[PDB]
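[1] I would like to see how this sequence folds:
(chains A, B, C, D, E, F and G)
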Amino acid sequence: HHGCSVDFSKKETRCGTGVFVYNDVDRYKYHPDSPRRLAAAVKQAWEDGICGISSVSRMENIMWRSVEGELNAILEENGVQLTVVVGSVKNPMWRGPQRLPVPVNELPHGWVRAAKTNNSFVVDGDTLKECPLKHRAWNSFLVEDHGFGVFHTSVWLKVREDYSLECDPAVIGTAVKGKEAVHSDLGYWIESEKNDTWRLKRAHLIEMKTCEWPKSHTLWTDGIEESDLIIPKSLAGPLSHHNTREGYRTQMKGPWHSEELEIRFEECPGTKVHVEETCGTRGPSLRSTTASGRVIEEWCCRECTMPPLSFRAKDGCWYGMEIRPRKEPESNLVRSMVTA
Amino acid sequence: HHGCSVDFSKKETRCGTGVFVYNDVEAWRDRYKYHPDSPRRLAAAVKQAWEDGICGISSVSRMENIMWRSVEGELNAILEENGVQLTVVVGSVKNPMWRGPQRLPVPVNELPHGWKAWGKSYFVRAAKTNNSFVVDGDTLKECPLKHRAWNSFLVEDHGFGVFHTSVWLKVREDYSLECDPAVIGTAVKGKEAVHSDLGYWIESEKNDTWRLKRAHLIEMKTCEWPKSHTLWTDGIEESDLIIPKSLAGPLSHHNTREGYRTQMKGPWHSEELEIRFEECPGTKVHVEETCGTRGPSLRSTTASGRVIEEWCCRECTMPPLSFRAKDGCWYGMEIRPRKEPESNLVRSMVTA
Amino acid sequence: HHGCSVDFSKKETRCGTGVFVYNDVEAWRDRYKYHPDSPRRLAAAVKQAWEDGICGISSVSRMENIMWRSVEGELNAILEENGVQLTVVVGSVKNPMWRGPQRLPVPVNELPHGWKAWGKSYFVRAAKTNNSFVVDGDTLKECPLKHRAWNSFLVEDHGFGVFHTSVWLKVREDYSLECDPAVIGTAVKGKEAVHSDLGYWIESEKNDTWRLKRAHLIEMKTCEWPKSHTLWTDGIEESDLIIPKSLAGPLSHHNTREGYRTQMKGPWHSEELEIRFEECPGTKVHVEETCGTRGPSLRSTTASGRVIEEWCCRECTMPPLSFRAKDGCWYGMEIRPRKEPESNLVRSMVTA
Amino acid sequence: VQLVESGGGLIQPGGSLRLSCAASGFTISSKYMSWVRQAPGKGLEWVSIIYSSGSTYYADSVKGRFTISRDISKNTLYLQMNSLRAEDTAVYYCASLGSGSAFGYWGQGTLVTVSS
Amino acid sequence: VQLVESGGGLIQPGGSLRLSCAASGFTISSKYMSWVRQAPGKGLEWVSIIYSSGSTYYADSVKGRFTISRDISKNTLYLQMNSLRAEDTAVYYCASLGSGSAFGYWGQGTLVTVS
Amino acid sequence: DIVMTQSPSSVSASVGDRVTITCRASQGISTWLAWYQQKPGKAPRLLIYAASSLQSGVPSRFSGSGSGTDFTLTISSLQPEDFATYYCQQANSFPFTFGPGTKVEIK
Amino acid sequence: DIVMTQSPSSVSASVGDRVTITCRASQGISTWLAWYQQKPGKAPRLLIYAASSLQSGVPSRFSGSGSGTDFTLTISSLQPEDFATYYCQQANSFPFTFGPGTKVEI
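    Residues are numbered from 1 along each chain as shown, chains lettered A, B, ... in the order given. Take a look at the structure below.
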């Protein structure tokens, strides 16, 4: 609450009390409910028909990867034939219909490694065949009362007891100051600005989620349609007027298969976009460089607004859904095969 | 910006970049240099406003009153240097700060005499004139409120927080009803939220539901809080806001408390109050179905200093709603005295 | 105390324990609660002082003036409840704040009526009386400065820097001439030093020698800086200090500049000045042995606003000494005009 | 768990009505409450929902006229029905979202008749 | 300045229709622009407003069925009407708030018939 | 929900006569009322705002006065151009509401 | 506006016969389908959720399957208490939409 800040443009410094929202887009050692309650919850879930876990964010994936060894140790020394194997995470992170049950009591025995078993409780990974998504749990934890803070470095989660579709509000911070705004959490950083009306400025994402952004943590939630939000509501985008840009609609077919995205309104290098009344309609997003390395140069859009929308993937520079080539046919370019 | 935050229990720090919203309330605004659009430009604007029929100015907030106080001397000097029989007289601020229908024009051509900056040191104090342009004071008798201009300035750049920076203002071209959004800061982080500007500091919390926690107001302005600077704007009734929409209260679920409605008849005449949820010293509130209906707000102590002890409400929620002004405790519109008749108690005489 | 410091080149922090001296000048003193020892005790003291022959108070600083303003209402009420025909009237301060020869007595017994704490809300305002106990104001005619008490309070506990703490004061039993040391902070670290209190901020540096760098004074108090709170107090003459000893200037080698003597005839009438070593705008100073002898300080512009262009000094050193007030730049006593005679210029009429 | 909805009767077209739903065995601030109606002789249709956090959504049929709310003191769910028209008559149910996204617990219904 | 309305006409009950009001001589985004309708044989009635910042408000008659929009590139006002009923037949105007809080500049008006 | 009422319902007058029309409010608005004139087949035209001011471009013969709940509109020297319908609308709070309208005929 | 279409409109089967009911969506609605049973004069009862999962307390003779756009609800052994109307509804996005319904009689 007490701190100091500097504005390097004017080169001025000040101090005082207030609310500070930091850019965090590692330092945490995570603590679930217990090593003796999580094991009982997993045991009951397996005996109930839930074969695995689908992660909500990278936070949960890191937690499971860190706690798997100990969890197997207790679950094996207590006489249960079950092993927890955790894989990597692929984007986007889709929902699951099941929830973990809260045990009545802990496992009696518990506080050296174990051996592989024939029963697998797969956490998020490339195992969609011995555990389909229809039988997977999702969004089953809550960060505890004071489990998070600016100065914490150790986050204490608990098994949820209810059914929700929204993201955890304990890690969300949004703020507006004058002509600049931000909606952010541990994985997003979404910026806005006031030019003539409020609009999206740039967004930096290191994960694509499918929970829902809460309305209590959103600015200007009324009078907005889901067809105008650039980051779709299905991908944890805020139902806000700060999530819009004139001339563009929701990007259902962007490159959401990526691993870390970056939206900005600027042309890809060595390309030109012209507003043309005789350009093809919208559909899947295209990449500027062909699979052979050739860069496409001439693009058109029907009634979009300059500068154009682009996605800065780690492996390329994609365009928005409204921007199409003029001469080169699109049957040979690279397209995104996922939809929101 | 770039900043660092500090923990005093364990002495260390956290640094980064982001958005920082400071508690700038209860700080003296008169230690800045104010630059309204231009001395020649503003003199022409005031001249044209006087010729059109506008008598004076009704101030949106205290910052404009301080601005006019800082500027009046040079403004009168520039007017005198042009042979215009007009003097600008600046008064005091009393709450609430009501609205005027007029707006201050934007002249095509400025006056062709005088200096080109504010802060020209040394000028001859000017001479009084029989024609007076009154900035808001105790003067609602020479010209009514319906001939006064209101909300006619836009802040272009500012440095509030640093006590010798410059503030740049400009006379706008449009008719507007909203407060200036250059000085508004709203932030939520976990289970706490703030809606703030240069004069308001409103806090919220997440109990079983989101609700109001406490508010600290040093003025009662009557503009409209812009919706772009509000959290959770949808699905909220205008009849449930603790701070009325007519008093620049944000239209959000963070401006709500369970069991209370809008406080149209609170003690808004105060120079500064502070809204908080607890009982007042030596008073007790009990929920009773036989208590009277809601009406104007009442003061806990009598005009003779005698404290009333027993109060009641029909369906309010504990702790009760109280306003802490310089005089003392007031109670919300829902809380009435259980025994003593209300004709022995002082009441608020204003409505939003 | 425990604290942290910030470097904004590389965003990080340095924390530890120690002694921290803060710049508390040009901060509003109106936002604290003041507790002169006791309402009945203070009333008895004022009553006994009035009966002895002491007419009023001359204020040491502006903090004491604000304290008296905060106290006067309750003090008059409690004096009235005891049947004493005496009222306390508080005025405004002007510089320099001259000192008085009388002191305020400590009574044996308090008055046997009234409440026992400051801040009792709701009191019947007292009625005016023939007898007036004037705290400093523009009232040196019903009783002169030779009948006024001065420097009769000691600060026992304070929380300056936190805007809702209490300040505890008591009436001392002895006659004294030094300033109150509870609010003084002095610190040197490397090549920079500060001598500070609630109204003074005096900076020094290490060039070839230690010298005065710049000062900022928002009041002109005439107590004496304690030697316990001064650096390098030996081997220094009282006729070489830039800020006079009679103006609460530190008796230090840090209060010196080569080529200048004490500025007894500076512009000490101003409400606030800032001491610099730099030429006034549009002016040049030349070192010549033909210039006149030092006298009262002169303003850079004339009474009609015309800027003088050329000045001289006999043996001074560049950059020249100047003062910055609301009116404009003044010059040191050693710097005289080159051509235009001094009868055309505004000169200081106050001597320390 | 028990759900019992109460205030459904006959009303003139263009009028207003208010239904209530009392919950037993659980607290309403922890579940996703919804309102569903079944026209006589027809199928089911979803009207509105309220999240556990307080967010509300509606169908295009009733977008601006109905509003959903709750009270935690009485542990009760409400539905304010405004400017009723002829085709609003049905049996109104009170359901909770349990898993998958299906309604596990229902009420008994309450008939609302809109005719003149 | 000038305000010109657009394509009202004939539509069946339960249908949808979209109006327009093109602006000339000023920027549409610097005014408070409203829609006012007058039923044939009746008096005036206010429908919806959009602020200069983008904030919109409506009347209880058309609360969930109409939507006031604005396009700055083409400098025109918009009104999307859905689920039109029999009592929506009127002449629609576009106006501006000037001073006091009164409508200063009016368009010509466009007719809409629902049957 | 503020209902605006007018009296009378129609006025017949001769050229050069003095005409007076009144507005009535359900609540207290006290400054925020404006007057409009509508000829048939044309959009209404603003005459008076803030209950007393004169909109630029209208002749000085139109006067407005009042506050609180009772407001009046007067015409000094009637002209053949001044035969139309007149409305009063409160501009205090949303929703904005007009009056029923009073029409001036030839007598 | 995901339109959910059910078929057949009615079946008349005797005790002991297997019954099959199909549901169809107008779009993709992956794996997010639920089935209900509604006897006359009572509230509906949930049987299947997530297109394959069985609700606690429901007899195991009910079984459902399907993905994408085509779904199927099957009963093994009709019982005297299995004659009612059955509904399918998608749980993918708002608004939630139900199906026309299908009656199982004799």
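
[2] Helix or strand: which one has the residue sitting furthest away from the middle of chain D?
    No residue in chain D sits farther from the centre than residue D:116, which is 23.2 Å out by CA atoms, centre = their mean. Under DSSP states H and E, no helix or strand contains residue D:116.

[3] right, is stretch A:320-336 up against chain E?
    No - legend: contact between stretch A:320-336 and chain E by CB under 8 Å from any CB of the partner chain is lacking; minimum distance shown is 14.2 Å. For the C-beta atoms, the positions are set from N, CA and C on the backbone; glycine is no exception.

[4] still on that earlier bit, list the residues that contact the residue farthest from the centre of chain D.
    Residue D:116 makes contacts with D:12-13, as judged by CB atoms under 8 Å, 6 or more residues apart in numbering or on different chains.

[5] one more time with 10 Å
    Residue D:116 makes contact with D:11-15, D:86, according to CB atoms under 10 Å, 6 or more residues apart in numbering or on different chains.

[6] which residues of the stretch 201-340 of chain A fall in strands?
    With strands called from DSSP state E, counting those that start in this stretch, the stretch 201-340 of chain A shows them at A:261-264, A:272-275, A:298-301, A:310-311, A:318-319, A:323-325.

[7] one step back: buried subset of the contacts of residue D:116, written for ChimeraX?
    A single ChimeraX command is used to select the members of the contacts of residue D:116 judged buried by 16 or more other CB atoms under 10 Å in any protein chain shown:
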select /D:11
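
[8] Quickly note the distance from residue D:10 to chain A.
    Residue D:10 sits 35 Å away from chain A when distances are taken as CB to the nearest CB, to the nearest Å.

[9] what's the burial count for the spatially closest residue to that residue that is not a sequence neighbour?
    With sequence-adjacent residues excluded and distances taken as CB to CB, 6 or more residues apart in numbering or on different chains, residue D:10 is closest to residue D:113, at 4.4 Å. Residues near residue D:113, counting by other CB atoms under 10 Å in any protein chain shown, number 12.

[10] quick one: the most centrally placed residue in chain D from residue D:74, how far?
    Nearest to the geometric centre of chain D sits residue D:35, at 3.2 Å (CA atoms, centre = their mean). Separation of residue D:35 from residue D:74 (CB to CB, to the nearest Å) stands at 18 Å.

[11] Please name every helix or strand in contact with the longest helix seen in chain A.
    Secondary structure of chain A read by DSSP state H shows that its longest helix is helix A:58-77. If you count contacts as 3 or more CB pairs under 10 Å, 6 or more residues apart in numbering or on different chains; DSSP states H and E, helix A:58-77 packs onto helix A:38-48, strand A:52-53, strand A:83-86, strand A:120-123, strand A:141-143, strand A:157-159.

[12] again, only this time at 8 Å
    Under the contact definition 3 or more CB pairs under 8 Å, 6 or more residues apart in numbering or on different chains; DSSP states H and E, helix A:58-77 sits against helix A:38-48, strand A:83-86, strand A:120-123.

[13] what helices or strands is the first one leaning on?
    This points to helix A:38-48. Using 3+ CB pairs under 8 Å, 6+ apart: helix A:38-48 touches helix A:58-77, strand A:120-123.

[14] Need the contact partners of that helix.
    With contacts defined as CB under 8 Å, 6+ apart, helix A:38-48 is touched by A:32-33, A:67, A:71, A:74-75, A:78, A:80, A:82, A:84, A:98, A:100-103, A:105-107, A:110, A:119, A:121, A:137, A:159.

[15] ok, and for it, which residues are buried?
    Buried, per 16+ other CB under 10 Å, within helix A:38-48: A:38-43, A:45-46.

[16] re the thing from before, out of the helices and strands packed on helix A:38-48, which is the most enclosed?
    strand A:120-123 (a mean of 21; mean count of other CB atoms under 10 Å in any protein chain shown).

[17] And the next helix or strand past that one?
    Per DSSP H and E, the first helix or strand lying C-terminal to strand A:120-123 is strand A:136-137.

[18] got the contact list for that next one?
    A:45, A:50-54, A:96-100.

[19] can you tell me how far residue A:285 sits from residue A:300?
    15 Å.

[20] Pull the contacting residues for residue D:67.
    By CB under 8 Å, 6+ apart, the contact set of residue D:67 is D:56, D:79-80, D:82.

[21] The residue lying closest to residue A:276 once chain neighbours are set aside pairs with what?
    Take residue A:276 and drop its neighbours on the chain: the residue closest to it by CB to CB, 6+ apart is residue A:300, 4.0 Å away. Residue A:300 has these beta-bridge partners by DSSP bridges: residue A:274, residue A:324.

[22] OK, contacts around residue A:300?
    Going by CB under 8 Å, 6+ apart, residue A:300 touches A:273-276, A:278-280, A:323-326.

[23] Close to chain B: what parts of chain F are there?
    Neighbours of chain B within chain F, by CB under 8 Å from any CB: F:31-32, F:49-53, F:93.

[24] swap that for chain D, please
    Residues of chain D lying close to chain B (CB under 8 Å from any CB) are D:29, D:54-56, D:72-73.

[25] For chain G, give me its nearest residue in chain A.
    Chain A approaches chain G most closely through residue A:97 (4.2 Å), counting by CB to the nearest CB.

[26] And chain F, by the same measure?
    Closest residue of chain F to chain G, CB to the nearest CB: residue F:95 (28.9 Å).

[27] Centre-most residue in chain F?
    Against the mean C-alpha coordinate of chain F, by CA atoms, centre = their mean, the closest residue is residue F:35 at 3.9 Å.

[28] Tell me which helix or strand that one sits in.
    Short version, using DSSP H and E: residue F:35 is in strand F:33-38.

[29] Quick one: list the elements packing against that strand.
    Applying 3+ CB pairs under 8 Å, 6+ apart, we find strand F:33-38 packed against strand F:45-49, strand F:62-67, strand F:85-90.

[30] Of the contacts of helix A:38-48, select the buried ones using a PyMOL command.
    Filtering the contacts of helix A:38-48 down to the buried ones (16+ other CB under 10 Å) takes a single PyMOL command:
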select buried, chain A and resi 32+33+67+71+74+75+80+82+84+98+100+101+102+103+106+107+110+121+137+159
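
[31] all strands in chain F, in order from the N-terminus.
    F:4-7, F:10-13, F:19-25, F:33-38, F:45-49, F:53-54, F:62-67, F:70-75, F:85-90, F:97-98, F:102-106 (DSSP state E).

[32] Buried deepest among those, which one?
    The stretch of those with the highest mean neighbour count (mean count of other CB under 10 Å) is strand F:33-38, at a mean of 24.

[33] The strand holding residue F:35 vs strand E:33-38, what angle?
    Strand F:33-38 and strand E:33-38 are oriented at 60 degrees to each other (axes from the mean of the first three to the mean of the last three CA atoms, to 10 degrees).

[34] Name every strand pairing with strand F:33-38 and say which way it goes.
    Paired neighbours of strand F:33-38 in the sheet (DSSP bridges): strand F:45-49 (antiparallel), strand F:85-90 (antiparallel).

[35] got a list of contacts for that strand?
    With CB under 8 Å, 6+ apart as the criterion, strand F:33-38 contacts E:44, E:100-103, F:23, F:25, F:44-51, F:62, F:64, F:66, F:71, F:73, F:84-91, F:98, F:101.
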